[PDB]
């Protein structure tokens, strides 16, 4: 049971905080100027370790060049840029077998349900899922409906659809966007069933309290925890705030 394995590795305390760091490809390094140390993957690993978080999410190149075994790794297999204007699509740049060799304890794969290319990602996820089972690495589906009929990605029905799709396609754990309130988020959590839900952190909030309040809602909705990037490492007090997040979640 790969969900059970995911939880042993990434949620030993019963809840999970994963420090997300695939932004260098997904958004580019403009994200890193607020807190320039955030451009340095070594700083990110130290941060996750020092705050006592459960894991980090890296693309293959960051993992190859920097990963040192100090915190469990989720290897994000696919990746696209914001320079791309087409129907949303993100193809694997790394295989599950290579992820195993790079030290990963789980793999991550983004899908964009609704995209004109939704079929391309579903076709590839089939192969990645089969390999995840073969290599006994839990599969985290990052389910982000985008393109087609999707307008507001945080709409209650879109986030619930994202969660269900991830369960239906074989996710062992999933990452989805927060709806902005625990009632509607709890329905997303419900339709995910036996598969645990991590809230994607989102753009840096106006205040630290605003983010803390979102996290409180995520936990009240019954989610497993958070996959947070910017709301930690875009801050000059990243470690201080990370430790506050740890106190709340754990």
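Positions refer to the first chain, counted from 1.
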So 49 to 57 or 29 to 37, which one's hotter by mean CA B-factor in the entry? 29 to 37
Largest Cα B-factor, entry values, listed residues 95, 85, 81, 115: 85
Select lowest, middle or highest to describe the third in which the CA B-factor of residue 138 falls within its chain in this entry. middle
Cα B factor band for residue 77 (lowest, middle or highest third within the chain): lowest
Temperature factor at the Cα of residue 12, chain-ranked in thirds, falls in the highest
Residue 71 CA temperature factor, ranked by third within the chain: highest
Please place residue 215 in the lowest, middle or highest third of its chain by C-alpha B factor as given in the entry. middle
